[PDB]
Student: 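Before we start, here is the structure in question, set down as structure tokens.
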Amino acid sequence: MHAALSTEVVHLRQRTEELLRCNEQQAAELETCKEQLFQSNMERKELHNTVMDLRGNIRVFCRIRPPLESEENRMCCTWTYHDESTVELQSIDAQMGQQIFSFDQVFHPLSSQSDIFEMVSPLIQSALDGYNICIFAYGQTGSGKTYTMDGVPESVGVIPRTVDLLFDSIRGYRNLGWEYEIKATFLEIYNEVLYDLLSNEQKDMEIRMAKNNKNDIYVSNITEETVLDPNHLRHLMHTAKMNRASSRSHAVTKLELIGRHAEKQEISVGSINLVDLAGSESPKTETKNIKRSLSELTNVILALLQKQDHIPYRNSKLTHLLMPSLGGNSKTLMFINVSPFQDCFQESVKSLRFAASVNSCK
Amino acid sequence: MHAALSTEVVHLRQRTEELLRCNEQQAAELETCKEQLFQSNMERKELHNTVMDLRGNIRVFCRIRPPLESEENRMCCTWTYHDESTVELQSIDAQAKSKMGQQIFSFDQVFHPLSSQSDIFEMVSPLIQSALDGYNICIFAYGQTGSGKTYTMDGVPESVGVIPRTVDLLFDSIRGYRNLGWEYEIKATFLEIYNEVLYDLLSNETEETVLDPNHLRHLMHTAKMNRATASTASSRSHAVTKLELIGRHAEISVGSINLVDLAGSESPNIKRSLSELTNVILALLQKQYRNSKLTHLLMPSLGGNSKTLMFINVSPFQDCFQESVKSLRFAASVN
Ligand SMILES: Nc1ncnc2c1ncn2[C@@H]1O[C@H](COP(=O)(O)OP(=O)(O)O)[C@@H](O)[C@H]1O
Ligand SMILES: Nc1ncnc2c1ncn2[C@@H]1O[C@H](COP(=O)(O)OP(=O)(O)O)[C@@H](O)[C@H]1O
Ligand SMILES: [Mg+2]
Ligand SMILES: [Mg+2]
């Protein structure tokens, strides 16, 4: 019947016209809501940045690790916590002035990995909002550096926790229209010489100005993996640590967050630089450059603090590598790891001595 | 053939199922968006608290009231909002931008004339829950007559304000300390001032605890009514409202609440209490009392270790311009 079809058409055009209409109102609401969400996050980002500014763009921490179940009769020095920020160490040698230092926070032998991450988590957000972060673990060998950054399968550290935070955040960000991409890169620094950790073929790399920014950095010939998913990253990390076989080398692991918002044509890029510094201990029993680097690094932070105008980042491979992350907007976390034992008293006092020169900068 | 019109019935069935799927697609994106937008608003407001708590012990909010349903003939000046906390006013006449032509001030928050009573109280909220943690909160209303002070502190039975709204939460909080055990006693109080002569909003010529939510809500409205002031018979009265609290774990958590509705800030009597409050306040901020009955009276639920809060009410009218600028100036001065 032609009349049936004719009637089904007229109805069809009716449902189509009603749907096109109701369909254009959603498009309209979706639009404003989109705009107000972008605008809202934007302010949220700024409100977050203010809080980071108020707690400090450069904060120093202290972490005396618990003693190992295998060597304990080496009477740990005498530790006293004058408050959750100030700590003092005395030696058990029967008779300097005193040895007391202030931090932004002090973690004792019972502070869990989870507890230290809580000092870092806020920064994973800043990196996602386009800021650069640097996280160091400074101290003598055996004091706690590696266990703090990487950790142990039994109890994980800063880096593994950051990746879980990253992917969880990144995943959520999608609901805002941001598509994030992570650039992974791992490297080492023995004698002012850079070594890639995702390859074996020796190749000479070097720090050079970046394409679209003479202020940014670029390491030529290094492996820069574009993370596919957390499996891909887990593979990369395990693979990295693999070839890392030391306490006289600087291990840097950089994750660069490239956020791309398509419909708003806005781009965001921040970076996390997790550094497992080399032993700060003094030579006893040739290690020229290792004392250079560490001092250069601690001088650049001290400069950054007193707002020194022209800073010589190039005076060292490391300080040159992290230069764009030691800049203005940047935030820097510094974990001073320490050993409780007697034999480390003088060494431990050396480490801690950075806490005084940091705030004496006022 | 004409049965060839089955071509269009088919072609249409698709457009139909097309716009149908596309209908259902936008409804999902729009649900996620409102969802996310709501998460993004919460975070923003909490970080905003952390910021205000991190810097000072005194918040300043600015509130611009919309034109009353009866003032379609009053001219307004040009208002400009640059942020959520930066507002500027420009006079209507040219010769006005001839002298320091830039009136722009910054506060912890600026409320548009279309801001709901709930939007306001939402900034105050964080301070009520703070009283049960031991502090002395202090809420103020400042501005000329016809600005929004009373409407903000109290409100209208159709639209409740801060003083009422607190109450609600004040309890919903105790319903939370009464879990493993803790008991509270709401010591309410109601007074006022006229010309340095304190009266009372309860009896006629006076602290009674509260043992019933609506009970507190009663002596509250009683006071509201006992507050018999039709316009300038209230242009010089300071409507204070003490509300001390105490709690012992079921070791006596003492807090407070000091809601105030100051007198018109514009030119007139004495009104020194204000020029006095200002000094007392700027001096506290400077961080280093009986010049007015007011200051002296609430000279403890202030000072150090107490979170205070001030509202600056303004009218969007051109004839108010100097008075407004006078009010923003003051606030800014705190700023
Ligand atoms: N906080 C800690 N808790 C438990 N073990 C720790 C802790 N810190 C360090 N260790 C132990 O120290 C040894 C090597 O750790 P680490 O301190 O990172 O060396 P380095 O200080 O040279 O980086 C390991 O046996 C590790 O388990
Ligand atoms: N934010 C507002 N929204 C709607 N009306 C308001 C607002 N603020 C004040 N008003 C109106 O202004 C009039 C007087 O209010 P109010 O500001 O309390 O005066 P005063 O500042 O002298 O105490 C009332 O009619 C009130 O409804
Ligand atoms: Mg190590
Ligand atoms: Mg009034």
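First listed ligand is number 1; within each ligand, the first listed atom is number 1. Just so it is clear: chains get the letters A, B, ... in the order the sequence lines come, proteins before strands, and each one is counted from 1. Side chains included, hydrogens not; waters and symmetry mates left out as well; all remaining heavy atoms used.
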Student: Quick one: does any side-chain atom of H250(A) pair with a main-chain N or O of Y190(A) as donor and acceptor, under 3.5 Å?
Tutor: no

Student: With a 6.0 Å cut-off (strictly less than), is the heavy-atom count around CZ of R74(A), excluding the residue itself, greater than 12?
Tutor: yes

Student: Under a 4.0 Å threshold between the charged nitrogen and the carboxylate oxygen, would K326(B) count as salt-bridged to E266(B)?
Tutor: no

Student: Quick one: name the protein N/O/S atoms under 2.8 Å from the Mg ion (ligand 4), chain by chain.
Tutor: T150(B) OG1

Student: Taking a 3.5 Å cut-off between nitrogen or oxygen atoms, can you list every pair linking ligand 2 to the protein, with distances?
Tutor:
from: ligand 2; atom 1: 1 (N); to: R63(B); atom 2: NE; distance (Å): 3.2
from: ligand 2; atom 1: 1 (N); to: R63(B); atom 2: NH2; distance (Å): 3.2
from: ligand 2; atom 1: 3 (N); to: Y151(B); atom 2: OH; distance (Å): 3.4
from: ligand 2; atom 1: 17 (O); to: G148(B); atom 2: N; distance (Å): 2.4
from: ligand 2; atom 1: 17 (O); to: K149(B); atom 2: N; distance (Å): 3.4
from: ligand 2; atom 1: 18 (O); to: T150(B); atom 2: N; distance (Å): 3.2
from: ligand 2; atom 1: 18 (O); to: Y151(B); atom 2: N; distance (Å): 2.5
from: ligand 2; atom 1: 21 (O); to: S147(B); atom 2: N; distance (Å): 3.2
from: ligand 2; atom 1: 21 (O); to: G148(B); atom 2: N; distance (Å): 2.9
from: ligand 2; atom 1: 21 (O); to: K149(B); atom 2: N; distance (Å): 3.0
from: ligand 2; atom 1: 21 (O); to: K149(B); atom 2: NZ; distance (Å): 2.3
from: ligand 2; atom 1: 22 (O); to: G146(B); atom 2: N; distance (Å): 3.1
from: ligand 2; atom 1: 23 (O); to: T150(B); atom 2: N; distance (Å): 3.0
from: ligand 2; atom 1: 23 (O); to: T150(B); atom 2: OG1; distance (Å): 2.6

Student: Compute both the distance and the angle, then confirm whether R63(A) meets the cation-pi test with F107(A): under 6.0 Å from the six-membered ring centre, within 45 degrees of the axis.
Tutor: no

Student: Are the side chain of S234(B) and the backbone N or O of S231(B) linked by a donor-acceptor pair below 3.5 Å?
Tutor: no

Student: May I ask you to check whether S249(A) and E188(A) show a side-chain donor-acceptor distance below 3.5 Å?
Tutor: yes

Student: Taking atom types as modelled and ignoring hydrogens, do the side chains of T86(A) and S102(A) form a donor-acceptor contact shorter than 3.5 angstrom?
Tutor: yes

Student: Counting heavy atoms not belonging to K317(A), are there more than 12 under 6.0 Å from its NZ?
Tutor: yes

Student: Between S357(A) and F354(A), is there a donor-acceptor pair closer than 3.5 Å when you use the side chain of the first and the backbone of the second?
Tutor: yes

